[PDB]
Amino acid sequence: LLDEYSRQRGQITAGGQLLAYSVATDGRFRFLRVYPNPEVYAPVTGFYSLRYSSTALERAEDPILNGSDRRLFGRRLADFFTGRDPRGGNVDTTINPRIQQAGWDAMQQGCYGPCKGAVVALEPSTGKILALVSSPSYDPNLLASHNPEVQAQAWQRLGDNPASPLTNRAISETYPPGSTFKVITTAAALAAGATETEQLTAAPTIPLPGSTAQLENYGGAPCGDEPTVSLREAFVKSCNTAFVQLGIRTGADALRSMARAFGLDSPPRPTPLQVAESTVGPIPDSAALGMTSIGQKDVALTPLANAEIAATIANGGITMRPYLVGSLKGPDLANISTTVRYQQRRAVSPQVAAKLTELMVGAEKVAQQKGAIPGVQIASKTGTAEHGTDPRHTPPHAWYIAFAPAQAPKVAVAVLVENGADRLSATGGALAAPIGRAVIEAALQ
């Protein structure tokens, strides 16, 4: 470890700004690891600690940053031969500083106090991860202290903290998507030949097939005053029973297939950070399909996967493989690796993506306009999702997935407010949407 810290570890950057760097000190271990904006960028940088090793990009990009990478071997030979102070390479992330900061700020101020949860922002056309925010976060400088008691004290606090600040909730945790999954259910129906004009129950209540359990609209009210409403109307109002019906209408196989087509239940590629796989669930019977269609039962998404659903639709039905590293550089800033966009797959046809765009543009119009950007057409879907063993008595997760401008999209976001500000009245529109809108606003400057 003394030799590792004798040489200058390279930089992790975003938008030509520093997220992690090393300063030369008078320490036994010469180089101190510094994180100038610690909590904001901790999901991205992770930490690099004498006692506790590394995480995130400090771990993922370790050989580049310490200079042991075989693509850097030539520089290291040239350094020694010339008597130059050896330096590691740079990791240039895809993170947009202003979108990352606004996502962080909005999470700190958005739950009458700080929110628990995640914000992910994507560039739909490229797959760039523009923002990767998790809250609560932690200070990596604590773990970069060359003092062992400071590190040990921080480690003990972090691991005992029930709010689990070390968790990157954007990529490591999966959550029921709730009403946001109506985007998948709608895609499956649309691809099976249903139209925006399809007539679905407006009833406040719907029995589940083969069970006493019942699903209800919020809160026990019909979708409208007619016995049936159009799919479009049901979608913009986010009427539960309409989608229970539609999903059971469309059937298990078509829903499984559309969930797979949108990245669910296939192991995600690394970013190079490892992403938890999201799932639609086994869907054992029709009761389960009922609940699945509205984003419950065994449906579980990472925030990143939910933002990819939005990025896919925004990209005309084409999913770009998400990545966090734009380029790897050498100490002399010489390029070593430029990541290039690639199309993972086609989830929906261009026609279906266009129909979903319109439905989401309309769902955004129904939602509350707190945070609405003057003259920007946002396409969105909100969701508020039950979870845990006592779902009806627990504060739900607040969800918001969006893209903008819906006409020619430059950014897609997912906002997960975990346990919805610890409020039981929490909804995606109330909490998650303005947060979402703030990030979109930071993106479009």
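Note that residue numbering begins at 1 and tracks the sequence as displayed.
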Self-check item: Greater mean Cα temperature factor according to the PDB record, 173-181 or 207-215
Solution: 207-215
Quiz item: For the C-alpha atoms alone, is the average B factor greater in 66-74 or in 406-414, going by the entry?
Solution: 66-74
Exercise. By the entry's C-alpha temperature factors, tell me which of 140, 371, 103, 127 sits highest.
Key: 371
Exercise. Would you mind checking where the Cα B-factor of residue 94 ranks among the modelled residues of its chain, as the lowest, middle or highest third?
Key: middle
Quiz item: What third of its chain's C-alpha B-factors does residue 390 belong to: lowest, middle or highest?
Solution: highest
Practice problem: Quick one: classify residue 377 as lowest, middle or highest third of the chain based on its Cα B-factor. | Solution: highest
Exercise. Using the B-factors in the PDB entry, rank residue 303's C-alpha atom against the chain and give the third, lowest, middle or highest.
Key: lowest
Exercise. Looking at the entry's B-factor column for C-alpha atoms only, identify whether residue 226 ranks in the lowest, middle or highest third of its chain.
Key: highest
